[PDB]
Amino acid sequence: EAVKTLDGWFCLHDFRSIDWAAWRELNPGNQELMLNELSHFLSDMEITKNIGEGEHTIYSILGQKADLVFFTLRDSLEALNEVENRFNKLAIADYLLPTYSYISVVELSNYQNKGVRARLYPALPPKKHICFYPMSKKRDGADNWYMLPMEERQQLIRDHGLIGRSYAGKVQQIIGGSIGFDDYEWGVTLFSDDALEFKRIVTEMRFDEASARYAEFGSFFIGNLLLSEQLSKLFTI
């Protein structure tokens, strides 16, 4: 009955809110020193990306939930843990307050193939916007995904995939499985150059039976790509 999956990079979505009042009290020399240290840290992460042993990206997040998200991908939980711990020990991380995080593993569901590696070990597209949310499938009375027969679940998933293929080109998705790893069953990351495409795809999916009857959603987070020019601007008072 159970789904069986292929699993790739381990993923951390690390959401931070900048402690502006504390940062503002810092002398501008201390600020520059801490950003230089962060800049070294990110150069090291770019080395790891270039040799194909992981990926990362940063977006600035709208609203009070976070000021930015660091999305990091590594080939082991140990390498992910080490990134996280070294990040937290940067001087600047004292000003980056933790507001939410998500742990997952890139997931390919069964419902060396170079086209499988490309999904399991995803290169992150440098799209203008990111959208992140976690979700689970419902187990609530007669709306119970995990009691459905495989044939009915397969049909529901087929219909859901038709919708998403129509947003190919517009929206790129990474699906992280998180059963056993975090509080929901998947972490969904979308990338697009038009944020309204996130609204469009997620709305269209909500009226398809697989989500209409069986999806449970967490919080949603949207943001704008942060390269270095925008990163240094972010922190300049």
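All residue numbers are counted from 1 along the displayed sequence.
- Notably, residue 146 is never a gap: all other compared entries of this protein, restricted to those modelling both its neighbours, have coordinates for it, so the one-third criterion is not met.
- Compared against other deposited entries of this protein, residue 100 counts as consistently modelled, with coordinates in all of those that resolve the residues around it and thus below the third mark.
- Unmodelled residues of the deposited sequence between residue 111 and residue 112: 10 or more.
- Here the stretch with the larger average CA B-factor, out of 165 to 173 and 200 to 208, is 165 to 173.
- If you average the C-alpha B-factors over 25 to 33 and over 58 to 66, the higher value belongs to 25 to 33.
- When the C-alpha B-factors of 94, 159, 143, 84 are read from the PDB record, the largest value belongs to 159.
- Of all the options 178, 50, 192, 189, the entry's greatest CA B-factor is assigned to 50.
- Per the PDB record, residue ranking by Cα B-factor puts residue 216 in the middle third of the chain.
- Sort the chain's modelled residues by C-alpha temperature factor and residue 128 lands in the middle third, per the entry.
- Compared with the other modelled residues of the chain, the Cα B-factor recorded for residue 99 ranks in the lowest third.
- Sort the chain's modelled residues by C-alpha temperature factor and residue 225 lands in the middle third, per the entry.
- Split the chain's modelled residues into thirds by C-alpha temperature factor. Residue 135 is in the lowest one.
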